[PDB]
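To start, the structure itself, in structure tokens.
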Amino acid sequence: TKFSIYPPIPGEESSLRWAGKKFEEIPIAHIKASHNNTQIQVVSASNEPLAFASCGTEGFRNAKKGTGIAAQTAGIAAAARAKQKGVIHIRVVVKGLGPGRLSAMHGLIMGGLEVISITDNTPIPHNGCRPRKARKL
Amino acid sequence: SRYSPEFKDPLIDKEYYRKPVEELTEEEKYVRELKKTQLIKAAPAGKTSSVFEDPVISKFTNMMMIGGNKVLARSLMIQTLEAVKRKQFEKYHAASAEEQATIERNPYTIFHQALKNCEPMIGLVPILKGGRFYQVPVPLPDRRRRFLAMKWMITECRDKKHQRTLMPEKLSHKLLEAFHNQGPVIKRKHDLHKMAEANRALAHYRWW
Amino acid sequence: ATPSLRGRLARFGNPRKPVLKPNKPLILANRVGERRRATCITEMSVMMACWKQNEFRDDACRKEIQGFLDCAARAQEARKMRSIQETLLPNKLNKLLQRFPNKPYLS
Amino acid sequence: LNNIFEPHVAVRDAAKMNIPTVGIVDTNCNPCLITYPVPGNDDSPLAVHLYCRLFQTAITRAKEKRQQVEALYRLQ
RNA sequence: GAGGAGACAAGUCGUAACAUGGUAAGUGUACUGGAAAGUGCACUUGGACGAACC
RNA sequence: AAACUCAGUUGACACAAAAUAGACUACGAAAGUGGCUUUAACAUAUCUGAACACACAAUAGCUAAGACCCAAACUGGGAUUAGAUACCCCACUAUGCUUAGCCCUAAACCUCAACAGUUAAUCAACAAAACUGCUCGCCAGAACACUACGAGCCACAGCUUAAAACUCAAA
Ligand SMILES: [Mg+2]
Ligand SMILES: [Mg+2]
Ligand SMILES: [Mg+2]
Ligand SMILES: [Mg+2]
Ligand SMILES: [Mg+2]
Ligand SMILES: [Mg+2]
Ligand SMILES: [Mg+2]
Ligand SMILES: [Mg+2]
Ligand SMILES: [Mg+2]
Ligand SMILES: [Mg+2]
Ligand SMILES: [Mg+2]
Ligand SMILES: [Mg+2]
Ligand SMILES: [Mg+2]
């Protein structure tokens with residue numbers, strides 16, 4: 001076989017495994033990188049919450065939350081919690097272009113957890129709601 | 001500068017000038033041949049080929065100077081070195097043979113090691129992004145690190161807290177403290193490092 | 001394949017309303033715009049975390065401090081080599097365009 | 001044409017100064033102001049050599065004929 | 001009687017416009033405000049986005 | 001700062017708005033039209049032709065009834081400020097939506113009228129090269145003036161048409 005960047009298809013017979021598990025069963029680390037806060041939540045393959053960590057819960061307040069350093073800190077905390085909950089390999093789904101988008105992943109990894117996949121689930125309306133008006137400064 | 005651009009700084013090293021001709025690479029032989037036909041400045045009055053010459057101590061004496069009193073500055077430096085050596089000899093003799101193995105008596109080594117200990121690894125520099133300057137932690141060049149160590153040492157000595165204490169004793173005591181990784185200079189270095197770590201969040205404000 | 005310009009601008013003999021309203025004329029100029037203008041923070045963060053957990057005693061953080069210093073030296077070397085290498089250039093490109101300039105008029 | 005594919009300013013200046021101009025014009029040249037255009041290829045080495053040879057030979061013939069005729073008139 | 005315009009003409013409070021006029025400007029319309037004017041929706045360039053890749 | 005104890009995952013769920021396609025330039029008279037399917041449907045074998053009628057006319061706005069995710073004049077609060085009736089942040093309303101009427105205004109601008117034709121001897125400047133024939137509408141210093149009066153209108157702080165007096169040598 002050869003390496004493919006696409007994920008394995010559920011219901012298809014694939015050879016890839018992680019910790020003796022199939023891709024579908026790997027726990028999911030939902031990152032949410034808002035403009036001024038980066039939240040992280042590691043749920044099991046059955047949406048069972050395992051760990052939580054946010055810039056605010058890490059002690060950062062006000063603008064300091066929206067910093068890659070704060071994202072790294074929150075990711076490290078979440079990774080430690082998940083590691084003590086028994087999580088090795090994770091699938092990462094991040095929804096938001098906030099400053100913590102990548103530093104959160106870096107913190108999560110530095111906390112020990114390995115990442116098998118990165119998923120972007122940023123909400124992109126197909127012209128649904130009307131966002132707030134522009135800013136003139 | 002009375003020296004025209006053509007003039008080059010002299011090199012003072014008997015070993016370099018006595019190096020065998022066979023040991024010289026093509027480029028080194030070319031460098032020597034080029035210098036054979038180059039203008040050289042006059043040897044500055046501050047350095048010589050003396051085997052006992054120490055550039056670090058020369059620079060420290062220069063930094064300690066006040067108003068071109070090289071004589072007084074050098075006198076203070078030699079007094080400091082003598083005081084350090086005397087203190088070390090006293091400790092050595094009064095100490096047991098076991099710890100005499102560790103007790104060091106070379107004042108030059110003590111001075112070098114104290115300065116190296118005091119050298120601050122990471123500094124705080126103002127960096128401006130978007131029109132607002134912030135004290136970003138930043139790596140420092142070796143020149144700046146050595147200069148900061150020397151300046152902190154000298155300023156700590158010059159402080160008025162030590163009253164009626166002669167500069168030789170002040171500097172010898174502070175140098176010994178630094179060598180044993182204690183004292184106000186080391187405290188200041190740790191304070192700078194602590195401030196840098198506290199402001200670690202602003203590292204990305206750097207662009208270089 | 002450059003986007004078509006047939007019937008895109010408000011011109012006589014163009015029944016449809018304009019598609020494009022270029023602020024500046026769409027004529028190639030004889031010049032190109034001038035080239036437009038932190039490093040090694042992982043090692044710094046490692047060293048600073050070691051300092052924080054060890055009370056900044058450099059004695060027990062020697063490997064991290066040395067890595068930080070060497071990384072800074074390599075950053076300086078990278079800056080120097082990049083600068084010398086940077087020194088196709090806009091100047092050369094403008095010279096070539098001058099050699100073969102645009103002709104938006106009739107000779 | 002000059003080296004930027006524009007008419008040589010000498011054409012305009014010579015027209016200003018009333019100096020007659022013979023000239024090889026390629027299909028992208030402007031023979032409006034050339035007194036004696038010679039529509040032809042001026043970009044090929046063979047063509048340029050041919051033109052140089054022709055003009056050189058004609059000028060030499062004219063000068064030598066002038067010398068011969070001057071001698072003929074002054075020897076009678 | 002009071003309003004409106006113009007002119008004359010030095011003041012009072014701001015700086016709305018002309019530069020990216022320091023919130024780009026403006027048209028229509030609605031509400032609001034000493035005051036220029038502010039904001040909401042759509043429209044215009046009678047503004048720009050620096051015009052190879054970065 | 002104020003504001004909320006609502007926040008994250010998963011699932012269920014609109015009378016709101018219609019990513020990518022679109023680097024396409026099509027449809028319509030203009031305003032406008034870019035999710036999908038279906039029905040009906042896009043006038044004139046000659047061109048011009050409304051202050052002289054008919055039918056349309058974005059956004060805003062009124063009337064009456066519903067929906068209300070989000071956005072949002074006004075309003076309130078938090079900032080900023082010498083002040084802040086603004087710019088910045090938060091909440092919320094009319095309103096944007098559907099239905100039935102009204103309203104009939106836009107920088108409704110491609111500021112370039114319709115039809116037919118030419119690229120030849122150019123052409124104040126800039127802009128989107130210059131013209132020919134024919135027709136309709138419009139214009140005749142600036143400002144007073146998208147004004148007052150008169151008139152018409154489902155319009156009642158409105159819209160269309162629209163002057164004059166005083167003033168200036170400019171605009
Ligand atoms: Mg040619
Ligand atoms: Mg202004
Ligand atoms: Mg403004
Ligand atoms: Mg406006
Ligand atoms: Mg308001
Ligand atoms: Mg008709
Ligand atoms: Mg009409
Ligand atoms: Mg309407
Ligand atoms: Mg509402
Ligand atoms: Mg329009
Ligand atoms: Mg009006
Ligand atoms: Mg009126
Ligand atoms: Mg009336």
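For the structure tokens, the naming scheme is as follows: chains receive sequential letters (A, B, ...) according to their order of presentation, residues are indexed from 1 within each chain, and ligands are indexed from 1 in presentation order.
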
Need to verify the contact set: region 92-104 of chain A, 7 Å, only C-alpha atoms (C1' of nucleotides), exclusion of same-chain residues closer than 4 positions in sequence. Can you return it as an mmCIF file with N, CA, C and O atoms, in the first residue's frame?
```
data_model
loop_
_atom_site.group_PDB
_atom_site.id
_atom_site.type_symbol
_atom_site.label_atom_id
_atom_site.label_comp_id
_atom_site.auth_asym_id
_atom_site.auth_seq_id
_atom_site.Cartn_x
_atom_site.Cartn_y
_atom_site.Cartn_z
ATOM 1 N N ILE A 28 -12.063 11.952 19.645
ATOM 2 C CA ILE A 28 -12.070 13.175 18.851
ATOM 3 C C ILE A 28 -11.780 14.353 19.767
ATOM 4 O O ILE A 28 -12.393 14.486 20.832
ATOM 5 N N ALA A 29 -10.870 15.220 19.343
ATOM 6 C CA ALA A 29 -10.516 16.424 20.087
ATOM 7 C C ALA A 29 -11.078 17.625 19.334
ATOM 8 O O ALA A 29 -10.437 18.147 18.418
ATOM 9 N N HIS A 30 -12.271 18.065 19.724
ATOM 10 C CA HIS A 30 -12.898 19.226 19.107
ATOM 11 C C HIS A 30 -12.231 20.487 19.630
ATOM 12 O O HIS A 30 -12.344 20.814 20.815
ATOM 13 N N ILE A 31 -11.539 21.183 18.757
ATOM 14 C CA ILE A 31 -11.017 22.510 19.045
ATOM 15 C C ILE A 31 -11.997 23.531 18.496
ATOM 16 O O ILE A 31 -12.626 23.323 17.454
ATOM 17 N N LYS A 32 -12.138 24.646 19.206
ATOM 18 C CA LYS A 32 -12.965 25.762 18.756
ATOM 19 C C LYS A 32 -12.137 27.023 18.960
ATOM 20 O O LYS A 32 -11.948 27.468 20.095
ATOM 21 N N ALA A 33 -11.634 27.583 17.861
ATOM 22 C CA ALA A 33 -10.754 28.744 17.907
ATOM 23 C C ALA A 33 -11.555 29.987 17.542
ATOM 24 O O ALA A 33 -11.533 30.466 16.411
ATOM 25 N N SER A 34 -12.276 30.519 18.528
ATOM 26 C CA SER A 34 -12.973 31.777 18.344
ATOM 27 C C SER A 34 -11.957 32.916 18.285
ATOM 28 O O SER A 34 -10.754 32.725 18.477
ATOM 29 N N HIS A 35 -12.453 34.126 18.029
ATOM 30 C CA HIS A 35 -11.549 35.256 17.840
ATOM 31 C C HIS A 35 -10.740 35.535 19.099
ATOM 32 O O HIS A 35 -9.545 35.841 19.020
ATOM 33 N N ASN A 36 -11.370 35.433 20.269
ATOM 34 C CA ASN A 36 -10.724 35.800 21.522
ATOM 35 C C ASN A 36 -10.821 34.687 22.556
ATOM 36 O O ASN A 36 -10.859 34.956 23.757
ATOM 37 N N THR A 38 -9.942 30.079 22.836
ATOM 38 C CA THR A 38 -9.735 28.771 22.224
ATOM 39 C C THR A 38 -10.178 27.704 23.213
ATOM 40 O O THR A 38 -9.535 27.510 24.249
ATOM 41 N N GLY A 66 -6.810 35.458 23.621
ATOM 42 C CA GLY A 66 -6.577 35.356 22.197
ATOM 43 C C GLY A 66 -5.111 35.441 21.830
ATOM 44 O O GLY A 66 -4.697 36.348 21.102
ATOM 45 N N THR A 67 -4.315 34.503 22.333
ATOM 46 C CA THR A 67 -2.897 34.438 22.017
ATOM 47 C C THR A 67 -2.506 32.990 21.790
ATOM 48 O O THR A 67 -2.996 32.092 22.480
ATOM 49 N N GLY A 68 -1.609 32.770 20.828
ATOM 50 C CA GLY A 68 -1.133 31.423 20.577
ATOM 51 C C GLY A 68 -0.553 30.769 21.812
ATOM 52 O O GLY A 68 -0.651 29.553 21.978
ATOM 53 N N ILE A 69 0.051 31.560 22.697
ATOM 54 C CA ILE A 69 0.572 31.010 23.944
ATOM 55 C C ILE A 69 -0.567 30.494 24.814
ATOM 56 O O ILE A 69 -0.476 29.409 25.403
ATOM 57 N N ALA A 71 -3.441 29.487 23.723
ATOM 58 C CA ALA A 71 -3.921 28.289 23.047
ATOM 59 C C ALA A 71 -3.044 27.091 23.376
ATOM 60 O O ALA A 71 -3.552 25.999 23.647
ATOM 61 N N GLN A 72 -1.723 27.275 23.355
ATOM 62 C CA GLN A 72 -0.820 26.185 23.701
ATOM 63 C C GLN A 72 -1.049 25.726 25.131
ATOM 64 O O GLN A 72 -1.055 24.524 25.414
ATOM 65 N N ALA A 74 -3.818 25.952 26.979
ATOM 66 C CA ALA A 74 -5.080 25.225 27.059
ATOM 67 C C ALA A 74 -4.954 23.845 26.430
ATOM 68 O O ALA A 74 -5.484 22.860 26.958
ATOM 69 N N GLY A 75 -4.262 23.755 25.295
ATOM 70 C CA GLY A 75 -4.064 22.465 24.665
ATOM 71 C C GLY A 75 -3.276 21.515 25.540
ATOM 72 O O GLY A 75 -3.588 20.328 25.616
ATOM 73 N N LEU A 108 -1.733 20.613 22.500
ATOM 74 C CA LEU A 108 -2.293 19.281 22.682
ATOM 75 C C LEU A 108 -1.231 18.215 22.465
ATOM 76 O O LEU A 108 -1.145 17.246 23.226
ATOM 77 N N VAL A 115 -1.696 13.027 17.251
ATOM 78 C CA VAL A 115 -2.765 13.393 16.331
ATOM 79 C C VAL A 115 -2.659 12.499 15.108
ATOM 80 O O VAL A 115 -1.575 12.360 14.531
ATOM 81 N N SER A 117 -5.238 12.728 12.602
ATOM 82 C CA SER A 117 -5.880 13.476 11.533
ATOM 83 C C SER A 117 -6.191 14.884 12.011
ATOM 84 O O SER A 117 -6.335 15.133 13.209
ATOM 85 N N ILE A 118 -6.295 15.800 11.054
ATOM 86 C CA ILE A 118 -6.733 17.165 11.302
ATOM 87 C C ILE A 118 -7.946 17.421 10.425
ATOM 88 O O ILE A 118 -7.903 17.174 9.214
ATOM 89 N N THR A 119 -9.020 17.912 11.030
ATOM 90 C CA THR A 119 -10.261 18.180 10.322
ATOM 91 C C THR A 119 -10.662 19.627 10.549
ATOM 92 O O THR A 119 -10.615 20.118 11.680
ATOM 93 N N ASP A 120 -11.046 20.305 9.476
ATOM 94 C CA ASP A 120 -11.592 21.652 9.556
ATOM 95 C C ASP A 120 -13.104 21.566 9.442
ATOM 96 O O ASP A 120 -13.629 21.122 8.415
ATOM 97 N N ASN A 121 -13.800 21.986 10.490
ATOM 98 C CA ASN A 121 -15.255 22.023 10.497
ATOM 99 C C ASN A 121 -15.755 23.432 10.781
ATOM 100 O O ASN A 121 -16.794 23.618 11.417
ATOM 101 N N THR A 122 -15.021 24.429 10.313
ATOM 102 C CA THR A 122 -15.429 25.805 10.518
ATOM 103 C C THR A 122 -16.812 26.011 9.910
ATOM 104 O O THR A 122 -17.037 25.612 8.759
ATOM 105 N N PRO A 123 -17.759 26.609 10.631
ATOM 106 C CA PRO A 123 -19.098 26.795 10.054
ATOM 107 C C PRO A 123 -19.064 27.857 8.966
ATOM 108 O O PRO A 123 -18.733 29.014 9.224
#
```

Could you please extract the residues within 10 Å of ligand 2, counting only C-alpha atoms (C1' of nucleotides) and all ligand atoms, and hand them back as a PyMOL selection string?
chain E and resi 15-19+21-23

Please, could you write that set of residues out with N, CA, C and O atoms (P, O5', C5', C4', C3', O3' and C1' of nucleotides) as a PDB file, in the first residue's frame?
```
ATOM      1  P     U E  15     -13.738  69.609  17.624  1.00  0.00           P
ATOM      2  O5'   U E  15     -14.001  69.467  16.065  1.00  0.00           O
ATOM      3  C5'   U E  15     -15.083  68.684  15.576  1.00  0.00           C
ATOM      4  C4'   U E  15     -15.232  68.830  14.086  1.00  0.00           C
ATOM      5  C3'   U E  15     -14.041  68.326  13.281  1.00  0.00           C
ATOM      6  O3'   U E  15     -14.487  67.800  12.037  1.00  0.00           O
ATOM      7  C1'   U E  15     -14.331  70.632  12.888  1.00  0.00           C
ATOM      8  P     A E  16     -15.275  66.408  12.005  1.00  0.00           P
ATOM      9  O5'   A E  16     -16.768  66.838  11.679  1.00  0.00           O
ATOM     10  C5'   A E  16     -17.728  65.882  11.271  1.00  0.00           C
ATOM     11  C4'   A E  16     -18.412  66.316  10.005  1.00  0.00           C
ATOM     12  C3'   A E  16     -17.513  66.445   8.791  1.00  0.00           C
ATOM     13  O3'   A E  16     -17.257  65.206   8.163  1.00  0.00           O
ATOM     14  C1'   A E  16     -18.853  68.371   8.974  1.00  0.00           C
ATOM     15  P     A E  17     -15.875  64.978   7.389  1.00  0.00           P
ATOM     16  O5'   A E  17     -15.996  65.940   6.132  1.00  0.00           O
ATOM     17  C5'   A E  17     -17.039  65.767   5.188  1.00  0.00           C
ATOM     18  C4'   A E  17     -16.839  66.663   3.998  1.00  0.00           C
ATOM     19  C3'   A E  17     -15.450  66.632   3.389  1.00  0.00           C
ATOM     20  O3'   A E  17     -15.280  65.553   2.492  1.00  0.00           O
ATOM     21  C1'   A E  17     -16.130  68.871   3.698  1.00  0.00           C
ATOM     22  P     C E  18     -13.848  64.857   2.328  1.00  0.00           P
ATOM     23  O5'   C E  18     -12.990  65.952   1.565  1.00  0.00           O
ATOM     24  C5'   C E  18     -13.398  66.407   0.289  1.00  0.00           C
ATOM     25  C4'   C E  18     -12.491  67.489  -0.234  1.00  0.00           C
ATOM     26  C3'   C E  18     -11.004  67.216  -0.133  1.00  0.00           C
ATOM     27  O3'   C E  18     -10.537  66.381  -1.173  1.00  0.00           O
ATOM     28  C1'   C E  18     -11.460  69.411   0.607  1.00  0.00           C
ATOM     29  P     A E  19     -10.356  64.807  -0.929  1.00  0.00           P
ATOM     30  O5'   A E  19      -8.791  64.589  -1.067  1.00  0.00           O
ATOM     31  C5'   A E  19      -7.890  65.351  -0.278  1.00  0.00           C
ATOM     32  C4'   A E  19      -6.613  64.599  -0.024  1.00  0.00           C
ATOM     33  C3'   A E  19      -6.786  63.236   0.640  1.00  0.00           C
ATOM     34  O3'   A E  19      -5.815  62.322   0.144  1.00  0.00           O
ATOM     35  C1'   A E  19      -5.420  64.597   1.986  1.00  0.00           C
ATOM     36  P     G E  21     -10.687  60.496   4.677  1.00  0.00           P
ATOM     37  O5'   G E  21      -9.887  61.866   4.793  1.00  0.00           O
ATOM     38  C5'   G E  21      -9.080  62.140   5.929  1.00  0.00           C
ATOM     39  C4'   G E  21      -9.559  63.359   6.674  1.00  0.00           C
ATOM     40  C3'   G E  21     -11.058  63.634   6.578  1.00  0.00           C
ATOM     41  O3'   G E  21     -11.544  64.156   7.812  1.00  0.00           O
ATOM     42  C1'   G E  21      -9.863  65.494   5.770  1.00  0.00           C
ATOM     43  P     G E  22     -12.346  63.197   8.814  1.00  0.00           P
ATOM     44  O5'   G E  22     -11.486  61.860   8.822  1.00  0.00           O
ATOM     45  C5'   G E  22     -11.547  60.954   9.912  1.00  0.00           C
ATOM     46  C4'   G E  22     -10.168  60.517  10.332  1.00  0.00           C
ATOM     47  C3'   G E  22      -9.799  60.818  11.778  1.00  0.00           C
ATOM     48  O3'   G E  22     -10.220  59.803  12.672  1.00  0.00           O
ATOM     49  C1'   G E  22      -8.093  61.607  10.350  1.00  0.00           C
ATOM     50  P     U E  23     -11.780  59.571  12.970  1.00  0.00           P
ATOM     51  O5'   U E  23     -12.310  58.810  11.677  1.00  0.00           O
ATOM     52  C5'   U E  23     -11.802  57.527  11.327  1.00  0.00           C
ATOM     53  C4'   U E  23     -12.835  56.699  10.607  1.00  0.00           C
ATOM     54  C3'   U E  23     -13.199  57.178   9.207  1.00  0.00           C
ATOM     55  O3'   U E  23     -13.539  56.058   8.395  1.00  0.00           O
ATOM     56  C1'   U E  23     -15.118  57.212  10.559  1.00  0.00           C
TER      57        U E  23
END
```

Kindly provide, as an MDAnalysis selection string, all nucleotide and amino acid residues lying within 12 Å of ligand 8, counting only C-alpha atoms (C1' of nucleotides) and all ligand atoms.
(chainID E and resid 28:29) or (chainID F and resid 31:32 56:61 102:106 108)

Find the residues in chain C near chain F: any atom within 7 Å counts, using only C-alpha atoms (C1' of nucleotides). Write them as JSON, numbers by chain.
{"C": [3, 10, 11, 17, 18]}

Export of prior selection with N, CA and C atoms as a compact mmCIF listing (two decimals), in the first residue's frame:
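Once written, selection18.txt looks like this:
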```txt
# COMPACT_ATOMS: atom_id res chain seq x y z
N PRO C 3 -8.82 36.12 -18.34
CA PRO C 3 -10.25 36.34 -18.55
C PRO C 3 -10.50 37.28 -19.71
N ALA C 10 -17.66 49.45 -20.08
CA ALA C 10 -18.67 50.37 -20.59
C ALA C 10 -18.08 51.12 -21.78
N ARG C 11 -18.49 50.73 -22.98
CA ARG C 11 -18.02 51.35 -24.21
C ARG C 11 -19.17 51.45 -25.19
N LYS C 17 -24.79 46.28 -19.82
CA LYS C 17 -24.21 47.16 -18.82
C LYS C 17 -22.80 46.68 -18.46
N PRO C 18 -21.95 47.57 -17.97
CA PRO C 18 -20.56 47.18 -17.71
C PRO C 18 -20.46 46.03 -16.73
```

Using only C-alpha atoms, which residues of chain D come within 10 Å of chain C, and what is the closest atom pair for each, with the distance in Å to one decimal? Give it as a Markdown table, sorted by chain and residue number.
```
| residue | atom | partner | partner_atom | distance |
| --- | --- | --- | --- | --- |
| D:3 | CA | C:99 | CA | 7.9 |
| D:4 | CA | C:100 | CA | 6.4 |
| D:5 | CA | C:100 | CA | 8.5 |
| D:6 | CA | C:107 | CA | 6.4 |
| D:7 | CA | C:107 | CA | 7.1 |
| D:28 | CA | C:107 | CA | 9.9 |
| D:29 | CA | C:107 | CA | 9.0 |
| D:30 | CA | C:107 | CA | 7.9 |
```

Residues within 12 Å of ligand 7, counting only C-alpha atoms (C1' of nucleotides) and all ligand atoms, as JSON, numbers by chain:
{"F": [29, 30, 49, 50, 51, 52, 53, 54, 55, 56, 113, 136, 137]}

Create the file for the chosen residues now, containing C-alpha atoms (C1' of nucleotides) and written as a PDB file, in the first residue's frame.
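Done, and the output landed in part02.pdb:
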```pdb
ATOM      1  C1'   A F  29     -37.598  47.831 -21.064  1.00  0.00           C
ATOM      2  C1'   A F  30     -35.564  49.832 -16.522  1.00  0.00           C
ATOM      3  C1'   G F  49     -42.971  58.613 -31.005  1.00  0.00           C
ATOM      4  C1'   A F  50     -45.538  61.227 -24.205  1.00  0.00           C
ATOM      5  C1'   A F  51     -45.845  67.290 -18.779  1.00  0.00           C
ATOM      6  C1'   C F  52     -50.304  64.392 -23.472  1.00  0.00           C
ATOM      7  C1'   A F  53     -52.248  58.865 -21.309  1.00  0.00           C
ATOM      8  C1'   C F  54     -51.542  53.716 -19.928  1.00  0.00           C
ATOM      9  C1'   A F  55     -48.291  49.962 -17.226  1.00  0.00           C
ATOM     10  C1'   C F  56     -43.956  49.271 -14.490  1.00  0.00           C
ATOM     11  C1'   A F 113     -31.321  58.762 -26.019  1.00  0.00           C
ATOM     12  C1'   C F 136     -37.983  62.723 -30.156  1.00  0.00           C
ATOM     13  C1'   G F 137     -36.839  64.914 -25.130  1.00  0.00           C
TER      14        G F 137
END
```

Between CA of residue 22 (chain D) and CA of residue 36 (chain D), what distance in Å does the model show, to one decimal?
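So the answer is 4.5 Å.
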
Could you give me, as a list in words, the residues within 9 Å of region 39-53 of chain E, counting only C-alpha atoms (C1' of nucleotides) and dropping anything in the same chain fewer than 5 positions from it?
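Result of the neighbour search: residues 23, 32 and 33 of chain C; 20, 24, 25, 26, 27, 28, 29, 30, 31 and 32 of chain E; 58, 59, 60, 72, 73, 86, 95, 96, 106, 107, 108 and 109 of chain F.
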
Using only C-alpha atoms (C1' of nucleotides), determine which residues lie at most 12 Å from residue 73 (chain C), disregarding the query and same-chain residues fewer than 2 positions distant; provide the list as a PyMOL selection string.
(chain B and resi 139-142) or (chain C and resi 39-40+66-71+75-80)

Output file for the selection above: C-alpha atoms, as a short mmCIF file (atom, residue, chain, number, x, y, z; two decimals), in the first residue's frame:
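Generated output (part_16.cif):
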```
data_model
loop_
_atom_site.label_atom_id
_atom_site.label_comp_id
_atom_site.auth_asym_id
_atom_site.auth_seq_id
_atom_site.Cartn_x
_atom_site.Cartn_y
_atom_site.Cartn_z
CA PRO B 139 17.95 36.21 22.15
CA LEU B 140 21.05 38.32 22.68
CA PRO B 141 24.41 38.30 20.88
CA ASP B 142 27.44 37.16 22.85
CA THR C 39 12.01 33.02 14.90
CA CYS C 40 12.81 29.95 17.00
CA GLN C 66 22.50 25.83 25.00
CA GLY C 67 19.86 24.81 22.49
CA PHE C 68 18.28 28.26 22.77
CA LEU C 69 21.63 29.98 22.22
CA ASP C 70 22.59 27.80 19.25
CA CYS C 71 19.15 28.31 17.73
CA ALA C 75 18.74 32.39 13.19
CA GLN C 76 21.39 35.08 12.75
CA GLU C 77 23.18 32.93 10.18
CA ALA C 78 19.89 32.36 8.36
CA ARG C 79 19.25 36.11 8.26
CA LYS C 80 22.72 36.78 6.84
#
```

I'd like to know which residues of chain D are strand (DSSP E or B) (by DSSP, run on the backbone); could you write them as a list in words?
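Of chain D, only residues 22, 23, 36 and 37 of chain D fall in strand (DSSP E or B).
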
Output for the residues just chosen: N, CA and C atoms as a PDB file, in the first residue's frame:
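File selection12.pdb, as written:
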```pdb
ATOM      1  N   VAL D  22      17.038  57.964 -47.770  1.00  0.00           N
ATOM      2  CA  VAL D  22      16.782  56.633 -48.297  1.00  0.00           C
ATOM      3  C   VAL D  22      16.647  55.712 -47.102  1.00  0.00           C
ATOM      4  N   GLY D  23      15.858  54.655 -47.226  1.00  0.00           N
ATOM      5  CA  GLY D  23      15.705  53.803 -46.066  1.00  0.00           C
ATOM      6  C   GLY D  23      15.022  52.474 -46.286  1.00  0.00           C
ATOM      7  N   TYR D  36      12.873  58.094 -49.793  1.00  0.00           N
ATOM      8  CA  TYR D  36      12.972  56.958 -50.702  1.00  0.00           C
ATOM      9  C   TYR D  36      12.904  55.692 -49.865  1.00  0.00           C
ATOM     10  N   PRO D  37      11.704  55.197 -49.589  1.00  0.00           N
ATOM     11  CA  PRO D  37      11.593  53.906 -48.918  1.00  0.00           C
ATOM     12  C   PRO D  37      11.977  52.783 -49.857  1.00  0.00           C
TER      13      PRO D  37
END
```

Within 9 Å of region 194-202 of chain B, counting only C-alpha atoms (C1' of nucleotides), which residues qualify if same-chain residues fewer than 3 places away don't, as a list in words?
residues 64, 67, 68, 69 and 70 of chain A; 122, 123, 124, 134, 135, 136, 137, 138, 189, 190, 191, 205 and 206 of chain B; 44, 45, 48, 49, 51, 52 and 56 of chain C

Between A:137, A:9, A:19, A:63, which has the minimum distance to ligand 3 (counting only C-alpha atoms and all ligand atoms)?
A:137

Excluding residue 41 (chain D) and any residue of its chain fewer than 4 positions from it, enumerate the residues within 8 Å of it, using only C-alpha atoms (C1' of nucleotides), and give them as a list in words.
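Contacts, with the query itself left out: residues 24, 25, 26, 27, 47 and 48 of chain D.
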
Can you spit out the residues from that selection as a short mmCIF file (atom, residue, chain, number, x, y, z; two decimals), in the first residue's frame, using C-alpha atoms?
```cif
data_model
loop_
_atom_site.label_atom_id
_atom_site.label_comp_id
_atom_site.auth_asym_id
_atom_site.auth_seq_id
_atom_site.Cartn_x
_atom_site.Cartn_y
_atom_site.Cartn_z
CA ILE D 24 14.95 50.10 -45.75
CA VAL D 25 11.50 49.77 -44.19
CA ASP D 26 10.26 46.47 -42.80
CA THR D 27 6.58 45.60 -42.59
CA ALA D 47 19.39 41.04 -46.49
CA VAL D 48 21.41 43.55 -44.47
#
```

Restricting the calculation to only C-alpha atoms, which member of C:53, C:4, C:91, C:30 is positioned closest to chain B?
C:53

So which residues touch residue 87 (chain F) within 10 Å, counting only C-alpha atoms (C1' of nucleotides), skipping near sequence neighbours fewer than 2 positions away, as a PyMOL selection string?
(chain A and resi 135-137) or (chain E and resi 23+38) or (chain F and resi 80+84)

Take CA of residue 81 (chain B) and CA of residue 98 (chain B) and report the distance between them in Å, one decimal.
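Going from CA of residue 81 (chain B) over to CA of residue 98 (chain B), I get 25.2 Å.
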
In Å and to one decimal, CA of residue 156 (chain B) is distant from CA of residue 178 (chain B) by 11.7 Å

Smallest atom-to-atom distance to residue 127 (chain A): which of F:3, F:146, F:168, F:70, using only C-alpha atoms (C1' of nucleotides)?
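Closest residue, counting only C-alpha atoms (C1' of nucleotides): F:70.
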
Contacts of ligand 6, 10 Å or closer, only C-alpha atoms (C1' of nucleotides) and all ligand atoms, given as a list in words
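For ligand 6, the residues inside 10 Å are residues 44, 47, 48, 49 and 114 of chain F.
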
Report as number ranges by chain: the residues of region 5-186 of chain B with a DSSP assignment of helix (DSSP H, G or I), based on the backbone of this structure.
B: 14-18, 21-23, 26-36, 55-64, 70-94, 97-100, 107-118, 142-158, 167-179, 184-186
